[PDB]
Amino acid sequence: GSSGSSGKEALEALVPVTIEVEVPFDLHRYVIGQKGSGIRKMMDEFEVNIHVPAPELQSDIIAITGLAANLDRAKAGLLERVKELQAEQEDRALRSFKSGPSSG
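Rendered as structure tokens:
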């Protein structure tokens with residue numbers, strides 16, 4: 062029960078642009094890495110610039126600078142990375158073997 066396909070876009074520019082991506086600060090620490098390598102792989106691959114909000118800000122909106130074209134491919138990688146990351150780190154938390162009604 063799945064079909065359809067469309068994605069037209071007409072934009073030409075030289076200077077990049079900053080966007081906004083929804084991501085939990087609880088994952089940032091995991092996204093950035095011990096120092097900041099994990100992300101380095103992207104900025105080098107997608108050829109973009111990712112900036113994470115400081116802890117004193119408590120912001121869950123990551124800013125990504127780059128060409129609308131790069132922002133798309135990049136933004137697509139993170140979004141999926143977050144859904145796949147939480148699904149795991151959370152999975153182990155979901156199965157809370159304890160008293161109470163639990164579906165199967």
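Everything in the sequence shown is counted per the numbering used here, starting at 62 for the first residue and increasing by one.
Virtual Cβ for every residue (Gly too), placed ideally from N, Cα, C.
Query	Result
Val109 burial status per 10 Å Cβ neighbour count (16 or more: buried)	buried
Residue range of the unbroken beta strand (DSSP E) whose run includes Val78	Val78 to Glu83
Reduced DSSP secondary structure (H/G/I, E/B, other) of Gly161	coil
Three-state class that DSSP yields for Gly99 in the structure shown	helix
Local conformation of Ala124 per DSSP, three classes	strand
Residue from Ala71, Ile80 and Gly62 whose Cα sits closest to the Cα of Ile125	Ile80
Segment contact, 8 Å Cβ cut-off, at least three pairs: the segment 142-158 with the segment 88-107	yes
Outcome for residue 43 when other beta-carbon atoms lying within 10 angstroms are tallied against a minimum of 16	Lying outside 62 to 165, the shown extent of the chain, residue 43 is not represented and no answer is given.
At least 3 beta-carbon pairs within less than 8 Å: the segment 67-76 vs the segment 98-117	no
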